[PDB]
2 protein chains.
Amino acid sequence: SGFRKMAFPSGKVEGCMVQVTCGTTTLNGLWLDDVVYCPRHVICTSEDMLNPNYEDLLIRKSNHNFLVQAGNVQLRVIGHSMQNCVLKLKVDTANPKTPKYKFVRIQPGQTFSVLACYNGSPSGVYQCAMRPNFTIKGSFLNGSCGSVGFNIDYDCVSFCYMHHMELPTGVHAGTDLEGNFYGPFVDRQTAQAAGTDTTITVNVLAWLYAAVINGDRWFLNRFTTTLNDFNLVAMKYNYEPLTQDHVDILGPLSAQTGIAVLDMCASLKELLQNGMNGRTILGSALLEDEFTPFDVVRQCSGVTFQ
Amino acid sequence: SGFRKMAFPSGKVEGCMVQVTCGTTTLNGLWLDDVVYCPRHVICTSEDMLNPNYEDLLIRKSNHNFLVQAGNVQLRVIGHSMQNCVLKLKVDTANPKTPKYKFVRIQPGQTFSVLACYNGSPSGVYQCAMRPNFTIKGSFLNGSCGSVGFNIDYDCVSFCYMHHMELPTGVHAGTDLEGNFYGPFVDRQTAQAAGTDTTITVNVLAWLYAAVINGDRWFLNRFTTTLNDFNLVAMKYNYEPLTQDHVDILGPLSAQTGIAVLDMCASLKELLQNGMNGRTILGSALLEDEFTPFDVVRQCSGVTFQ
Ligand SMILES: *[C@@H](C[N+](=O)[O-])[C@H](C[C@H]1CCNC1=O)NC(=O)[C@H](CC(C)C)NC(=O)OCc1ccccc1
Ligand SMILES: *[C@@H](C[N+](=O)[O-])[C@H](C[C@H]1CCNC1=O)NC(=O)[C@H](CC(C)C)NC(=O)OCc1ccccc1
């Protein structure tokens with residue numbers, strides 16, 4: 001028993017991290033087969049940052065301008081292109097540690113693991129959700145750009161995130177591995193504010209099922225609700241609407257615990273209206289929204305990779 | 001910026017996990033050089049568990065009785081011994097992925113990363129503290145025994161924990177890699193209760209410094225306290241006494257922020273006596289005690305491994 005914010009094992013991704021330097025800027029790249037992927041802002045200087053012209057900046061760069069190191073091994077760059085906000089550096093050596101992989105664009109509300117890197121060396125690993133406003137609440141300092149987000153399914157690494165920037169509010173924004181930003185953000189030091197965030201309702205319900213599976217059941221009340229009546233309460237507390245698709249995704253947890261999803265909704269309604277009155281759930285004094293239903297089933301059933 | 005419960009990258013440890021089966025029980029082992037380390041209760045059956053006689057049980061086992069697999073590769077066992085509560089299985093193949101490593105016995109209040117494994121395959125990674133009562137608050141199911149705890153310092157893996165059991169209260173207990181239990185626990189299904197737990201005061205102070213470094217400063221008050229006056233308040237709230245050694249360990253964070261440790265103690269005193277009145281600190285509605293001062297400096301300075 002027990003329930004923790006668990007990251008995926010990072011070993012498959014650690015083998016792909018390199019250091020990319022162009023001029024004085026050094027940041028991380030992802031080395032898969034004979035390609036290194038990194039944020040295109042590696043080619044900016046201090047006072048390009050307001051509105052860089054990335055195409056003009058790249059045209060002035062040759063292959064030798066890019067210094068790529070995998071540990072203490074130099075990788076020779078033999079070609080470069082730009083795809084949206086990522087650079088693709090073709091190198092003369094394929095990564096012998098390239099895992100089975102996929103590039104995925106994740107939906108808001110989904111979770112992934114972040115491998116935070118500096119100078120191409122891993123610092124740590126933690127679990128993040130793509131917030132409804134397309135930001136993540138991470139831990140990133142100068143030098144962390146090109147750190148990636150991923151999920152593992154059996155033997156396959158699904159890369160979903162590459163780190164580019166921190167908004168003046170302290171939340172984080174980045175791209176998929178095709179270099180399209182999540183949300184309405186640009187790789188410029190400009191005015192750009194995150195949308196109002198909302199709480200991921202299906203995740204909160206998943207975590208309450210996790211609480212029940214682990215023996216924390218004090219919040220279960222005796223009532224039921226309709227989906228429409230629940231959603232009127234969700235709206236008032238800045239929660240996302242619960243859809244029939246979400247009800248269906250919670251079906252396995254409902255079955256395991258014997259608690260109908262609309263009965264769990266009535267318990268959540270009471271928590272939102274009344275608070276927790278000093279009580280914790282799975283050691284938290286707040287309602288947790290960064291566990292998906294699939295995260296809960298994985299952790300509560302002991303799903304392994306490969 | 002930002003502050004997350006960050007685990008160490010797990011790749012160095014993932015390469016050492018194997019499956020050990022003796023009879024019907026399958027669990028995890030740690031494969032370093034030509035030795036596999038695993039909990040000795042792999043040799044028990046269902047109705048040995050109340051008071052197993054491990055020496056008599058092992059005497060009945062030969063090398064072929066132990067089936068060890070590293071992925072889909074069988075490792076042939078060529079010798080076995082027992083050291084305290086761990087088995088050491090000598091194998092015919094040295095692990096080619098053996099990292100630089102050390103066996104350490106950690107002190108209560110220190111943190112480590114856990115790589116949760118089933119059938120010798122990694123499931124996930126999370127950060128734990130050794131509680132003052134020598135338990136950990138983990139996430140472990142049947143099949144997780146032999147999962148290990150570790151810290152990484154540069155290139156060196158310090159193994160500190162091997163998982164053996166869950167107490168009837170839902171907290172977790174295990175050994176160092178010499179097979180000595182942390183705390184007064186035994187590898188028997190007997191009556192054994194954890195001591196009353198206490199909150200790790202130096203860690204709470206470290207996390208309040210982390211909050212200040214990341215811009216969450218609402219709780220800083222204008223007062224100071226003496227160490228003796230602070231400790232009278234700590235005792236009442238079931239916090240550990242703060243020692244001069246702890247004051248000294250908090251010196252780097254004090255310097256960075258300009259807040260004297262006894263000034264931070266006066267802010268913590270007010271939080272304990274008055275509560276947070278619905279306010280969060282680094283997204284938490286409770287005082288967090290599973291970050292060491294060294295964890296905070298590592299995360300806030302971007303320390304990498306190798
Ligand atoms: C990565 C750049 N790199 O590693 O070279 C960096 C991401 C960091 C900065 C601190 N927190 C992060 O998440 N990205 C940028 O610096 C980015 C560059 C633009 C061309 C997109 N700008 C940015 O994030 O500005 C905000 C900021 C900078 C420095 C400290 C705090 C916030
Ligand atoms: C590991 C055993 N294994 O993998 O084969 C297991 C640890 C688990 C059980 C569920 N939670 C854990 O942390 N350890 C034991 O089963 C242990 C064996 C004794 C000989 C020490 N006994 C034990 O933990 O009893 C409590 C328990 C068992 C099963 C479910 C919940 C609690």
Side-chain angles (χ1 to χ4, degrees), chain B residues 13 16-23 25-45 48-63 65-68 75 77-91 94-95 98-99 101-108 110 112-117 120 128 130-131 133-136 138 140 142-151 156-167 171-190 192 194-195:
Chain B
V13 178
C16 307
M17 303 306 308
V18 298
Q19 179 176 349
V20 178
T21 307
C22 198
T25 295
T26 290
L27 62 80
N28 307 288
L30 187 64
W31 183 22
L32 297 169
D33 296 334
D34 58 344
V35 179
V36 171
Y37 300 82
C38 71
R40 68 183 176 162
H41 64 68
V42 71
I43 69 177
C44 298
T45 65
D48 278 300
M49 293 298 220
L50 284 92
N51 198 8
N53 180 352
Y54 288 105
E55 284 84 2
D56 179 79
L57 286 170
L58 181 55
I59 286 158
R60 297 189 226 140
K61 309 291 173 152
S62 44
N63 297 332
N65 277 160
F66 294 104
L67 163 65
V68 179
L75 300 177
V77 177
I78 64 152
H80 54 275
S81 53
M82 193 155 65
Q83 184 186 5
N84 304 301
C85 307
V86 299
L87 282 192
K88 298 190 281 192
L89 301 177
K90 202 173 157 66
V91 288
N95 183 353
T98 304
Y101 75 89
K102 219 167 69 197
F103 292 168
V104 178
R105 197 168 167 88
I106 61 159
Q107 299 296 105
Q110 309 194 269
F112 57 95
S113 298
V114 170
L115 186 67
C117 293
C128 278
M130 179 56 67
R131 300 302 311 166
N133 70 356
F134 293 103
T135 69
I136 68 164
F140 295 106
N142 294 105
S144 63
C145 281
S147 290
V148 298
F150 62 97
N151 283 277
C156 184
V157 184
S158 289
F159 295 101
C160 59
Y161 179 89
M162 180 170 272
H163 187 50
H164 291 243
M165 67 199 311
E166 185 169 312
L167 302 185
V171 297
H172 298 112
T175 64
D176 64 20
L177 264 296
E178 302 189 342
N180 299 121
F181 268 93
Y182 291 103
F185 305 116
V186 294
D187 52 348
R188 273 185 265 171
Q189 298 203 164
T190 204
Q192 47 184 328

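All chains are named by letter (A, B, ...) in the order of the sequence lines, taking the proteins before the strands, and each is independently numbered beginning at 1. Only heavy atoms go into these numbers, but all of them, side chains included; no hydrogens, no water, no symmetry mates.
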*Asks:* Between CG of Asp48(B) and CD1 of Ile43(B), what distance do you get to the nearest 0.5 Å?
*Replies:* 8.5 Å
*Asks:* So which atom in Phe181(B) and which in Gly174(B) form the shortest heavy-atom distance, rounded to 0.1 Å?
*Replies:* CD2-O, 3.3 Å
*Asks:* Would you say the ring centers of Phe134(B) and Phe185(B) fall short of 6.0 Å from each other?
*Replies:* no
*Asks:* Quick check against the 3.5 Å criterion: does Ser147(B) have a side-chain atom that pairs as donor or acceptor with the backbone of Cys117(B)?
*Replies:* yes
*Asks:* For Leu89(B) and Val35(B): C-alpha separation, side-chain torsions, deciding distance, then whether side chain to side chain contact (heavy atoms under 4.5 Å, CB included) applies.
*Replies:* CA-CA 5 Å; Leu89(B) 301 177; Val35(B) 179; over 6 Å; no
*Asks:* Are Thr175(B) and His164(B) close enough that a side-chain donor and a side-chain acceptor fall under 3.5 Å?
*Replies:* yes
*Asks:* Rounded to the nearest 0.5 Å, what separates atom SG in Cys85(B) from atom CD in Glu178(B)?
*Replies:* 12.0 Å
*Asks:* About how many Å separate CG of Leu27(B) and CG of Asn142(B), when rounded to the nearest 0.5 Å?
*Replies:* 11.0 Å
*Asks:* In Å and rounded to the nearest 0.5 Å, what is the CE to CG distance from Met17(B) to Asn28(B)?
*Replies:* 4.5 Å
*Asks:* Where is the tightest heavy-atom contact between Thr45(B) and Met49(B), given as atom of each residue plus distance?
*Replies:* O-CG, 3.6 Å
*Asks:* Of all the heavy-atom pairs spanning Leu177(B) and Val86(B), show the shortest one and how long it is.
*Replies:* O-CG2, 4.1 Å
*Asks:* How far apart are the C-alpha atoms of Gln110(B) and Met130(B), what are their side-chain angles, what is the distance that settles it, and do they pass the side chain to side chain contact (heavy atoms under 4.5 Å, CB included) test?
*Replies:* CA-CA 6 Å; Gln110(B) 309 194 269; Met130(B) 179 56 67; 5.6 Å; no
*Asks:* To the nearest 0.5 Å, what is the distance between SG on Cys38(B) and CE on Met162(B)?
*Replies:* 7.0 Å
*Asks:* Taking the side chain as every heavy atom from C-beta outward, state whether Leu58(B) and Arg40(B) have any atom pair closer than 4.5 Å.
*Replies:* no
*Asks:* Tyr101(B) versus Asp33(B): any side-chain heavy-atom pair under 4.5 Å?
*Replies:* yes
*Asks:* If I compare all heavy atoms of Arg105(B) with all of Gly183(B), which pair ends up nearest, and what's the gap?
*Replies:* NH2-N, 4.5 Å
*Asks:* Check whether any side-chain heavy atom of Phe103(B) lies under 4.5 Å from a side-chain heavy atom of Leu32(B), and answer yes or no.
*Replies:* yes
*Asks:* Which value, rounded to the nearest 0.5 Å, describes the distance between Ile78(B) atom CD1 and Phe66(B) atom CZ?
*Replies:* 14.0 Å
*Asks:* State, with a plain yes or no, whether a side-chain heavy atom of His172(B) is found less than 4.5 Å away from one of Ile136(B).
*Replies:* yes
*Asks:* Indicate yes or no: at least one non-hydrogen side-chain atom of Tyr182(B) is less than 4.5 angstrom from one of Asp176(B).
*Replies:* yes
*Asks:* For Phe140(B) and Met165(B), what are the C-alpha separation, side-chain angles and deciding distance, and is it a side chain to side chain contact (heavy atoms under 4.5 Å, CB included)?
*Replies:* CA-CA 9 Å; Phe140(B) 295 106; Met165(B) 67 199 311; over 6 Å; no
*Asks:* So, the side chain of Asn65(B) versus the backbone of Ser62(B): is there a donor-acceptor pair under 3.5 Å, distance only?
*Replies:* yes
*Asks:* Mind running side chain to side chain contact (heavy atoms under 4.5 Å, CB included) on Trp31(B) and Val91(B) for me, showing each step along the way?
*Replies:* CA-CA 9 Å; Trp31(B) 183 22; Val91(B) 288; 3.6 Å; yes
*Asks:* Which pair of heavy atoms, one from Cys16(B) and one from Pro99(B), lies closest together, and at what distance?
*Replies:* SG-CD, 3.5 Å
*Asks:* For the residue pair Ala194(B) and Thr135(B), what are the closest heavy atoms and their distance?
*Replies:* CB-CG2, 3.9 Å
*Asks:* Given side chains that start at C-beta, do those of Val68(B) and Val77(B) come closer than 4.5 Å, heavy atoms only?
*Replies:* yes
*Asks:* Kindly indicate whether the side chain of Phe112(B), heavy atoms from C-beta on, has any atom under 4.5 Å from the side chain of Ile106(B).
*Replies:* yes
*Asks:* Can a donor-acceptor pair be found, under 3.5 Å and without considering hydrogens, that links the side chain of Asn133(B) to the backbone of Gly195(B)?
*Replies:* yes
*Asks:* So do the side chains of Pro39(B) and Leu87(B) get within less than 4.5 Å of each other, counting heavy atoms only?
*Replies:* no
*Asks:* Who passes side-chain hydrogen bond (donor to acceptor under 3.5 Å, both in side chains) against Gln192(B), sequence neighbours left out?
*Replies:* none
